[PDB]
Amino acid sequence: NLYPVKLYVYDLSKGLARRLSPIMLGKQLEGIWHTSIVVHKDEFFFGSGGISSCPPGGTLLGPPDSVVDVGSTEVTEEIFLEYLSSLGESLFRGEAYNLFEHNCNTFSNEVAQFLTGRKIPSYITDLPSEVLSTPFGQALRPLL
């Protein structure tokens, strides 16, 4: 049995990064990317509360900006929930959330890899480093 795996992609900036990044940051970014994994009919994501799920597109953020195909997985709903429980007791306790270094995209990337053997695109995972490499990022870092 094979089950489709999707990456739901949201621009937290609602198009503002694309417009304002050159003046704010000195560099062109296309979005402030938040992602989640949709598999077995639910949308899974990370945060300071730990691992959570909503119906797909049913978080506070609403419908995604893009739905990206990751691949297919043999992992059943029951095994996946055991896996997520393991993650949440170890590396994805809510306390470990860090906006730049251990975020919702860190989660989605490691879940994608477990389920399909693929990583998510670097342009999402590298965003925090792009921001930090700027006077803006360095000045607003401690606020964090």
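Residue indices: 1-based, along the sequence shown.
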Notebook entry, point to check: Can you tell me which stretch has the higher mean Cα B-factor, 113-121 or 26-34?
Noted result: 26-34
Check: With respect to the recorded C-alpha B factors, which stretch has the higher mean value, 129-137 or 5-13?
Finding: 129-137
Check: Which one of 104, 60, 70, 84 shows the biggest C-alpha B-factor in the PDB entry?
Finding: 60
Next item on the list: Place residue 88 in the lowest, middle or highest third of its chain's C-alpha B-factors, as listed in the PDB entry.
Entry: lowest
